[PDB]
Amino acid sequence: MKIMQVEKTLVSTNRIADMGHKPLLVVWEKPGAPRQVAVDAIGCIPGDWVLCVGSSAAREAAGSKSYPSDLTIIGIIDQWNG
Amino acid sequence: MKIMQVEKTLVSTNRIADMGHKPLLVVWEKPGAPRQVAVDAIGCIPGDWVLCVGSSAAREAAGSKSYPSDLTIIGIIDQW
Amino acid sequence: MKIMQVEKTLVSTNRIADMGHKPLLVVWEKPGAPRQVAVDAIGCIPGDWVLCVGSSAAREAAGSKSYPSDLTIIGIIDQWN
Amino acid sequence: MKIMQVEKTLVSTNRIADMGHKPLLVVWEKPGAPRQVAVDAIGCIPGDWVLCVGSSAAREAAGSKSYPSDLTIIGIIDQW
Amino acid sequence: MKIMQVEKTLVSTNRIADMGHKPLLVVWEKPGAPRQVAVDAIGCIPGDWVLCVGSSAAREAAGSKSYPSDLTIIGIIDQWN
Ligand SMILES: [Cl-]
């Protein structure tokens, strides 16, 4: 899994029916790093540090084994909680 | 998933039957970046910025759990 | 599979329910390399060198074909054989 | 999917039984780039530019969901 | 699939039971390249150039669709530079 930060919500799109209403977020490992897009399975806001899963796990994490995702946020990271 | 841009249509006449008639597009993260090829499941043209999915999800995104794809366009993006 | 070292525990109180109670660990191929996170399926401590599996094998290794993992620690490496 | 060129046939006499008799070819994104190996599901020769799929799609592309491939040639690109 | 050279055996005494008794080998694309670990399904020795498969194919390649592997040696390369 990857540690990434939420930059912004991906709204400016028209996409496929096989994807539902779960939000898409633009994420990166840090500012300036290459951007990716993840399905938000938790409920995140810009600036949140999030745990991201790829591969097959990303699909069922997004809510279905049939979900079109290869990157899904499955947790919010507590930077300071120990 | 990754945002990419469509450079051009990929022409491959000799290809396996499992691919069917789905259009294949050459895509890149940006001009000059490594070229990859994606199945277009939306209907795109050169210059379009597109949302692409890989892994297992690219197959069913292309229209079947058995489809031979590891990269599929699942959306067009305006603002890039 | 990758050879990585455990740096520390990753705390995510708000994570999806399918993760159960599995511990998550911050791992890297060496200090300074990009950090990743793996589910601990062995019982590891910081400083341990660990064998990590990704792809679909990470899921069942973490305890279920339905488990949300793409990186799972499946062994501790005895570096001084 | 990636665009790659066939360099040569990969000869591996001692390989697992699951591989059958499918040809294996050494491929690269261009000369001098890191070499990889793909199962040839099309019928290629050295010099061919080819379309290759990875991930789980490579297996069924090679002919079976149980086939041991993570990289399969699924087309010949008309521009060589 | 990758062409790699076998460097040495990977000793992991504390590893998940699903691994069985399959040998694990340290492999790299060339000396000095990043080390990975593959399950040996052929029977290899150090110095061998080997064909390695990853992704989901590595599992059944290692003996079972349930096997915890994302890198499996599935062939020995005849005469390799
Ligand atoms: Cl994969």
# chains A, B, ... in the order shown; residues from 1 in each chain; ligands from 1
call {"tool": "closest_atom_pairs", "arguments": {"of": "chain C", "to": "ligand 1", "cutoff": "12 Å", "atoms": "only C-alpha atoms and all ligand atoms", "output": "Markdown table"}}
result
| residue | atom | partner | partner_atom_place_in_ligand_line | distance |
| --- | --- | --- | --- | --- |
| C:53 | CA | ligand 1 | 1 (Cl) | 11.6 |
| C:54 | CA | ligand 1 | 1 (Cl) | 8.2 |
| C:55 | CA | ligand 1 | 1 (Cl) | 4.9 |
| C:56 | CA | ligand 1 | 1 (Cl) | 6.7 |
| C:57 | CA | ligand 1 | 1 (Cl) | 9.6 |
| C:58 | CA | ligand 1 | 1 (Cl) | 10.6 |
| C:59 | CA | ligand 1 | 1 (Cl) | 11.8 |
| C:69 | CA | ligand 1 | 1 (Cl) | 12.0 |
| C:70 | CA | ligand 1 | 1 (Cl) | 8.9 |
| C:71 | CA | ligand 1 | 1 (Cl) | 11.5 |
call {"tool": "interface_residues", "arguments": {"of": "chain B", "to": "chain D", "cutoff": "7 Å", "atoms": "only C-alpha atoms", "output": "PyMOL selection string"}}
result
chain B and resi 11-16+36-38+55-56+67-71
call {"tool": "residues_around", "arguments": {"residues": "residue A:77", "least_positions_apart": "6", "cutoff": "6 Å", "atoms": "only C-alpha atoms", "output": "short mmCIF file (atom, residue, chain, number, x, y, z; two decimals) with N, CA and C atoms, in the first residue's frame"}}
result
data_model
loop_
_atom_site.label_atom_id
_atom_site.label_comp_id
_atom_site.auth_asym_id
_atom_site.auth_seq_id
_atom_site.Cartn_x
_atom_site.Cartn_y
_atom_site.Cartn_z
N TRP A 49 -3.75 12.72 4.80
CA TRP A 49 -2.83 11.65 4.45
C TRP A 49 -3.59 10.34 4.53
N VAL A 50 -3.51 9.58 3.44
CA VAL A 50 -4.39 8.43 3.24
C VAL A 50 -3.60 7.20 2.81
N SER C 12 -3.81 3.88 11.47
CA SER C 12 -4.99 4.36 10.75
C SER C 12 -6.25 3.90 11.48
#
call {"tool": "closest_residue", "arguments": {"among": "C:46, C:11, C:35, C:30", "to": "chain E", "atoms": "only C-alpha atoms"}}
result
C:30
call {"tool": "closest_residue", "arguments": {"among": "E:68, E:63, E:20, E:75", "to": "residue E:43", "atoms": "only C-alpha atoms"}}
result
E:75
call {"tool": "calpha_fit_and_write", "arguments": {"fixed": "chain E", "moving": "chain C", "output": "tab-separated table (two decimals) with N, CA, C and O atoms, in the first residue's frame"}}
result
chain	number	residue	atom	x	y	z
C	1	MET	N	7.52	-11.01	-18.33
C	1	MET	CA	8.48	-11.78	-17.48
C	1	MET	C	9.84	-11.09	-17.45
C	1	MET	O	10.19	-10.34	-18.36
C	2	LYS	N	10.61	-11.36	-16.39
C	2	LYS	CA	11.91	-10.73	-16.19
C	2	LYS	C	13.03	-11.75	-16.31
C	2	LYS	O	12.88	-12.90	-15.91
C	3	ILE	N	14.16	-11.30	-16.85
C	3	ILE	CA	15.41	-12.07	-16.85
C	3	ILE	C	16.22	-11.62	-15.63
C	3	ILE	O	16.55	-10.44	-15.50
C	4	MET	N	16.51	-12.56	-14.74
C	4	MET	CA	17.23	-12.27	-13.51
C	4	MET	C	18.30	-13.31	-13.23
C	4	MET	O	18.25	-14.41	-13.77
C	5	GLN	N	19.26	-12.97	-12.39
C	5	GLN	CA	20.27	-13.91	-11.96
C	5	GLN	C	20.08	-14.25	-10.50
C	5	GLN	O	19.76	-13.38	-9.68
C	6	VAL	N	20.25	-15.53	-10.17
C	6	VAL	CA	20.19	-15.99	-8.79
C	6	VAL	C	21.47	-15.61	-8.06
C	6	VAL	O	22.57	-15.94	-8.51
C	7	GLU	N	21.34	-14.89	-6.95
C	7	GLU	CA	22.48	-14.53	-6.13
C	7	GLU	C	22.72	-15.58	-5.04
C	7	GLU	O	23.82	-16.10	-4.90
C	8	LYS	N	21.67	-15.87	-4.28
C	8	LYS	CA	21.77	-16.76	-3.13
C	8	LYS	C	20.40	-17.25	-2.66
C	8	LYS	O	19.36	-16.79	-3.14
C	9	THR	N	20.42	-18.20	-1.72
C	9	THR	CA	19.19	-18.66	-1.08
C	9	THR	C	18.74	-17.64	-0.04
C	9	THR	O	19.55	-17.05	0.67
C	10	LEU	N	17.43	-17.43	0.03
C	10	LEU	CA	16.81	-16.59	1.05
C	10	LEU	C	16.29	-17.51	2.15
C	10	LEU	O	15.47	-18.39	1.89
C	11	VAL	N	16.79	-17.32	3.37
C	11	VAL	CA	16.34	-18.10	4.52
C	11	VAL	C	15.28	-17.34	5.32
C	11	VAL	O	15.54	-16.25	5.84
C	12	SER	N	14.08	-17.91	5.39
C	12	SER	CA	13.03	-17.41	6.27
C	12	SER	C	12.37	-18.57	6.99
C	12	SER	O	11.40	-19.15	6.50
C	13	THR	N	12.90	-18.93	8.16
C	13	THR	CA	12.35	-20.05	8.93
C	13	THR	C	10.94	-19.75	9.42
C	13	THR	O	10.06	-20.61	9.35
C	14	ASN	N	10.73	-18.53	9.90
C	14	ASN	CA	9.41	-18.09	10.33
C	14	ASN	C	8.68	-17.43	9.16
C	14	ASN	O	8.76	-16.21	8.96
C	15	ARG	N	7.98	-18.25	8.38
C	15	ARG	CA	7.15	-17.78	7.27
C	15	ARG	C	5.79	-18.46	7.36
C	15	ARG	O	5.65	-19.48	8.04
C	16	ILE	N	4.78	-17.89	6.69
C	16	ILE	CA	3.43	-18.45	6.77
C	16	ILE	C	3.39	-19.88	6.22
C	16	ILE	O	4.18	-20.24	5.35
C	17	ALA	N	2.48	-20.69	6.76
C	17	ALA	CA	2.43	-22.12	6.45
C	17	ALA	C	2.09	-22.42	4.99
C	17	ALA	O	2.49	-23.46	4.46
C	18	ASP	N	1.37	-21.51	4.33
C	18	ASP	CA	0.97	-21.70	2.93
C	18	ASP	C	2.14	-21.78	1.94
C	18	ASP	O	1.96	-22.21	0.80
C	19	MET	N	3.32	-21.35	2.37
C	19	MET	CA	4.51	-21.41	1.52
C	19	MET	C	5.04	-22.83	1.32
C	19	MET	O	5.82	-23.08	0.39
C	20	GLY	N	4.62	-23.76	2.17
C	20	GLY	CA	5.05	-25.15	2.08
C	20	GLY	C	6.56	-25.26	2.21
C	20	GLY	O	7.16	-24.60	3.04
C	21	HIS	N	7.17	-26.09	1.36
C	21	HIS	CA	8.61	-26.34	1.38
C	21	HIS	C	9.36	-25.73	0.19
C	21	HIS	O	10.53	-26.04	-0.02
C	22	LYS	N	8.70	-24.87	-0.57
C	22	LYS	CA	9.31	-24.27	-1.76
C	22	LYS	C	10.57	-23.49	-1.37
C	22	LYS	O	10.55	-22.75	-0.40
C	23	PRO	N	11.67	-23.66	-2.14
C	23	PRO	CA	12.85	-22.83	-1.87
C	23	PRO	C	12.65	-21.39	-2.35
C	23	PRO	O	12.01	-21.17	-3.38
C	24	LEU	N	13.19	-20.44	-1.59
C	24	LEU	CA	13.18	-19.03	-1.98
C	24	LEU	C	14.59	-18.60	-2.35
C	24	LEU	O	15.55	-18.95	-1.67
C	25	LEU	N	14.70	-17.83	-3.43
C	25	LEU	CA	15.99	-17.39	-3.93
C	25	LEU	C	16.03	-15.88	-4.07
C	25	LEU	O	15.04	-15.25	-4.48
C	26	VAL	N	17.17	-15.29	-3.71
C	26	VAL	CA	17.41	-13.88	-3.93
C	26	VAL	C	17.84	-13.72	-5.38
C	26	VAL	O	18.80	-14.35	-5.81
C	27	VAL	N	17.10	-12.89	-6.11
C	27	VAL	CA	17.37	-12.64	-7.52
C	27	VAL	C	17.44	-11.14	-7.81
C	27	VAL	O	16.86	-10.33	-7.09
C	28	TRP	N	18.18	-10.80	-8.86
C	28	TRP	CA	18.29	-9.43	-9.35
C	28	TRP	C	18.49	-9.44	-10.87
C	28	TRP	O	18.95	-10.44	-11.43
C	29	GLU	N	18.13	-8.34	-11.52
C	29	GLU	CA	18.24	-8.25	-12.98
C	29	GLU	C	19.70	-8.27	-13.41
C	29	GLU	O	20.04	-8.72	-14.50
C	30	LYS	N	20.56	-7.77	-12.53
C	30	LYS	CA	22.00	-7.97	-12.63
C	30	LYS	C	22.63	-7.63	-11.28
C	30	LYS	O	21.96	-7.05	-10.43
C	31	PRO	N	23.90	-8.02	-11.07
C	31	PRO	CA	24.51	-7.65	-9.79
C	31	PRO	C	24.51	-6.14	-9.56
C	31	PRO	O	24.85	-5.37	-10.46
C	32	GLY	N	24.11	-5.74	-8.35
C	32	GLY	CA	24.00	-4.33	-7.99
C	32	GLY	C	22.59	-3.76	-8.09
C	32	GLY	O	22.30	-2.75	-7.46
C	33	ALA	N	21.73	-4.41	-8.87
C	33	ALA	CA	20.35	-3.98	-9.01
C	33	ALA	C	19.55	-4.36	-7.77
C	33	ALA	O	19.99	-5.23	-7.00
C	34	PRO	N	18.39	-3.72	-7.56
C	34	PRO	CA	17.57	-4.07	-6.40
C	34	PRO	C	17.33	-5.58	-6.29
C	34	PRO	O	16.98	-6.24	-7.27
C	35	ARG	N	17.54	-6.11	-5.09
C	35	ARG	CA	17.28	-7.52	-4.82
C	35	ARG	C	15.78	-7.75	-4.73
C	35	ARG	O	15.04	-6.92	-4.20
C	36	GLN	N	15.34	-8.88	-5.27
C	36	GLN	CA	13.98	-9.37	-5.04
C	36	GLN	C	14.07	-10.82	-4.59
C	36	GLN	O	15.16	-11.41	-4.60
C	37	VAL	N	12.94	-11.39	-4.18
C	37	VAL	CA	12.86	-12.81	-3.82
C	37	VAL	C	11.79	-13.53	-4.64
C	37	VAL	O	10.66	-13.03	-4.80
C	38	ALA	N	12.16	-14.70	-5.15
C	38	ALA	CA	11.28	-15.53	-5.97
C	38	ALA	C	11.24	-16.94	-5.41
C	38	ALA	O	12.24	-17.43	-4.89
C	39	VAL	N	10.09	-17.60	-5.53
C	39	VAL	CA	10.04	-19.03	-5.27
C	39	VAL	C	10.66	-19.75	-6.46
C	39	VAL	O	10.41	-19.40	-7.61
C	40	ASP	N	11.48	-20.76	-6.15
C	40	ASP	CA	12.15	-21.57	-7.15
C	40	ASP	C	11.28	-22.78	-7.50
C	40	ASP	O	11.12	-23.70	-6.70
C	41	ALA	N	10.71	-22.77	-8.71
C	41	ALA	CA	9.84	-23.85	-9.17
C	41	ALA	C	10.54	-24.75	-10.20
C	41	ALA	O	9.88	-25.56	-10.84
C	42	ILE	N	11.85	-24.60	-10.34
C	42	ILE	CA	12.64	-25.37	-11.32
C	42	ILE	C	13.73	-26.18	-10.64
C	42	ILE	O	13.88	-27.37	-10.90
C	43	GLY	N	14.50	-25.52	-9.78
C	43	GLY	CA	15.66	-26.11	-9.12
C	43	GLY	C	16.90	-25.40	-9.63
C	43	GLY	O	17.55	-25.89	-10.56
C	44	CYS	N	17.23	-24.26	-9.03
C	44	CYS	CA	18.28	-23.37	-9.52
C	44	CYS	C	19.41	-23.26	-8.52
C	44	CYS	O	19.24	-23.56	-7.34
C	45	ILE	N	20.56	-22.81	-9.02
C	45	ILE	CA	21.74	-22.57	-8.18
C	45	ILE	C	22.23	-21.13	-8.41
C	45	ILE	O	21.93	-20.53	-9.44
C	46	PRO	N	22.99	-20.58	-7.44
C	46	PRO	CA	23.61	-19.27	-7.61
C	46	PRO	C	24.39	-19.13	-8.93
C	46	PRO	O	25.17	-20.01	-9.28
C	47	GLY	N	24.16	-18.03	-9.63
C	47	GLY	CA	24.79	-17.79	-10.94
C	47	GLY	C	23.88	-18.10	-12.11
C	47	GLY	O	24.11	-17.60	-13.21
C	48	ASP	N	22.85	-18.91	-11.89
C	48	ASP	CA	21.87	-19.24	-12.93
C	48	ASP	C	21.10	-18.00	-13.36
C	48	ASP	O	20.66	-17.22	-12.52
C	49	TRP	N	20.94	-17.84	-14.67
C	49	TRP	CA	20.02	-16.86	-15.23
C	49	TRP	C	18.66	-17.52	-15.36
C	49	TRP	O	18.55	-18.62	-15.91
C	50	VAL	N	17.63	-16.85	-14.84
C	50	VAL	CA	16.31	-17.44	-14.68
C	50	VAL	C	15.21	-16.52	-15.21
C	50	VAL	O	15.34	-15.29	-15.20
C	51	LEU	N	14.14	-17.16	-15.69
C	51	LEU	CA	12.95	-16.47	-16.17
C	51	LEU	C	11.95	-16.37	-15.03
C	51	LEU	O	11.55	-17.38	-14.46
C	52	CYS	N	11.56	-15.14	-14.68
C	52	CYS	CA	10.70	-14.89	-13.53
C	52	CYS	C	9.37	-14.30	-13.96
C	52	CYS	O	9.35	-13.35	-14.75
C	53	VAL	N	8.28	-14.87	-13.44
C	53	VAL	CA	6.94	-14.36	-13.69
C	53	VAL	C	6.36	-13.77	-12.40
C	53	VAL	O	6.59	-14.29	-11.30
C	54	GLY	N	5.61	-12.68	-12.55
C	54	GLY	CA	4.97	-12.01	-11.42
C	54	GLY	C	3.46	-12.07	-11.53
C	54	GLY	O	2.91	-12.97	-12.17
C	55	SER	N	2.80	-11.12	-10.88
C	55	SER	CA	1.34	-11.00	-10.94
C	55	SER	C	0.67	-12.29	-10.46
C	55	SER	O	1.26	-13.05	-9.68
C	56	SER	N	-0.56	-12.56	-10.92
C	56	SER	CA	-1.30	-13.73	-10.45
C	56	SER	C	-0.70	-15.04	-10.97
C	56	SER	O	-0.82	-16.08	-10.31
C	57	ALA	N	-0.04	-14.99	-12.12
C	57	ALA	CA	0.60	-16.16	-12.72
C	57	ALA	C	1.69	-16.76	-11.84
C	57	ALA	O	1.96	-17.96	-11.92
C	58	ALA	N	2.31	-15.94	-10.98
C	58	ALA	CA	3.35	-16.40	-10.04
C	58	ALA	C	2.84	-17.45	-9.05
C	58	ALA	O	3.59	-18.32	-8.62
C	59	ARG	N	1.56	-17.34	-8.71
C	59	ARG	CA	0.94	-18.20	-7.71
C	59	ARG	C	0.85	-19.64	-8.22
C	59	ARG	O	1.46	-20.55	-7.65
C	60	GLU	N	0.09	-19.83	-9.30
C	60	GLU	CA	-0.09	-21.15	-9.89
C	60	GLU	C	1.23	-21.75	-10.36
C	60	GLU	O	1.43	-22.96	-10.25
C	61	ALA	N	2.13	-20.90	-10.87
C	61	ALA	CA	3.49	-21.34	-11.25
C	61	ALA	C	4.28	-21.90	-10.07
C	61	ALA	O	5.09	-22.82	-10.23
C	62	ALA	N	4.03	-21.35	-8.88
C	62	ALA	CA	4.64	-21.85	-7.64
C	62	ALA	C	3.91	-23.09	-7.09
C	62	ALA	O	4.36	-23.70	-6.12
C	63	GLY	N	2.78	-23.45	-7.70
C	63	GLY	CA	2.13	-24.74	-7.45
C	63	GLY	C	0.67	-24.70	-7.02
C	63	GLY	O	0.09	-25.74	-6.73
C	64	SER	N	0.08	-23.51	-6.96
C	64	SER	CA	-1.31	-23.39	-6.54
C	64	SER	C	-1.84	-21.99	-6.80
C	64	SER	O	-1.13	-21.01	-6.60
C	65	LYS	N	-3.10	-21.91	-7.24
C	65	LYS	CA	-3.76	-20.61	-7.36
C	65	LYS	C	-3.82	-19.87	-6.02
C	65	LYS	O	-3.95	-18.64	-6.00
C	66	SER	N	-3.72	-20.61	-4.91
C	66	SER	CA	-3.72	-20.02	-3.57
C	66	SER	C	-2.32	-19.78	-2.98
C	66	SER	O	-2.23	-19.35	-1.83
C	67	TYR	N	-1.25	-20.04	-3.73
C	67	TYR	CA	0.11	-19.90	-3.19
C	67	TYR	C	0.50	-18.43	-3.01
C	67	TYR	O	0.29	-17.62	-3.91
C	68	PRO	N	1.09	-18.08	-1.85
C	68	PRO	CA	1.54	-16.70	-1.61
C	68	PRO	C	2.85	-16.33	-2.32
C	68	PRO	O	3.91	-16.28	-1.70
C	69	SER	N	2.76	-16.07	-3.62
C	69	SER	CA	3.91	-15.63	-4.41
C	69	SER	C	3.48	-14.56	-5.40
C	69	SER	O	2.41	-14.66	-5.99
C	70	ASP	N	4.29	-13.51	-5.55
C	70	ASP	CA	4.15	-12.57	-6.67
C	70	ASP	C	5.38	-12.57	-7.57
C	70	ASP	O	5.55	-11.70	-8.40
C	71	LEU	N	6.26	-13.56	-7.39
C	71	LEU	CA	7.45	-13.71	-8.22
C	71	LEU	C	7.93	-15.15	-8.18
C	71	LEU	O	8.39	-15.64	-7.15
C	72	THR	N	7.83	-15.84	-9.31
C	72	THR	CA	8.22	-17.24	-9.37
C	72	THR	C	9.12	-17.51	-10.57
C	72	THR	O	8.86	-17.06	-11.69
C	73	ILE	N	10.20	-18.24	-10.29
C	73	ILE	CA	11.11	-18.72	-11.32
C	73	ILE	C	10.43	-19.87	-12.05
C	73	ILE	O	10.09	-20.89	-11.43
C	74	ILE	N	10.23	-19.70	-13.35
C	74	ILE	CA	9.52	-20.68	-14.16
C	74	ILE	C	10.41	-21.28	-15.25
C	74	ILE	O	9.96	-22.12	-16.03
C	75	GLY	N	11.67	-20.86	-15.29
C	75	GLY	CA	12.61	-21.44	-16.23
C	75	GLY	C	14.04	-21.00	-15.99
C	75	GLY	O	14.28	-19.94	-15.41
C	76	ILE	N	14.98	-21.83	-16.42
C	76	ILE	CA	16.39	-21.46	-16.48
C	76	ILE	C	16.72	-21.07	-17.92
C	76	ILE	O	16.39	-21.79	-18.85
C	77	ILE	N	17.37	-19.92	-18.07
C	77	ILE	CA	17.72	-19.40	-19.39
C	77	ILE	C	19.07	-19.96	-19.85
C	77	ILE	O	20.08	-19.79	-19.16
C	78	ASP	N	19.05	-20.62	-21.00
C	78	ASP	CA	20.27	-21.05	-21.68
C	78	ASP	C	20.81	-19.84	-22.45
C	78	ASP	O	20.38	-19.56	-23.58
C	79	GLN	N	21.75	-19.13	-21.84
C	79	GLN	CA	22.22	-17.84	-22.37
C	79	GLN	C	23.11	-17.99	-23.61
C	79	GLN	O	23.22	-17.07	-24.42
C	80	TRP	N	23.73	-19.17	-23.75
C	80	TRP	CA	24.54	-19.50	-24.93
C	80	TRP	C	23.75	-20.50	-25.77
C	80	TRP	O	24.09	-21.68	-25.83
C	81	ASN	N	22.70	-20.00	-26.42
C	81	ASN	CA	21.68	-20.83	-27.08
C	81	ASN	C	22.25	-22.06	-27.78
C	81	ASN	O	21.98	-23.19	-27.39
call {"tool": "closest_atom_pairs", "arguments": {"of": "chain A", "to": "chain D", "cutoff": "12 Å", "atoms": "only C-alpha atoms", "output": "JSON lines"}}
result
{"residue": "A:55", "atom": "CA", "partner": "D:55", "partner_atom": "CA", "distance": 9.1}
{"residue": "A:56", "atom": "CA", "partner": "D:56", "partner_atom": "CA", "distance": 9.7}
{"residue": "A:70", "atom": "CA", "partner": "D:55", "partner_atom": "CA", "distance": 11.8}
call {"tool": "select_by_dssp", "arguments": {"residues": "stretch 3-79 of chain E", "states": "strand (DSSP E or B)", "output": "ChimeraX atom specification"}}
result
/E:3-9,14-15,24-28,36-40,49-54,71-76
call {"tool": "select_by_dssp", "arguments": {"residues": "stretch 14-76 of chain E", "states": "alpha helix (DSSP H)", "output": "list in words"}}
result
residues 57, 58, 59, 60 and 61 of chain E
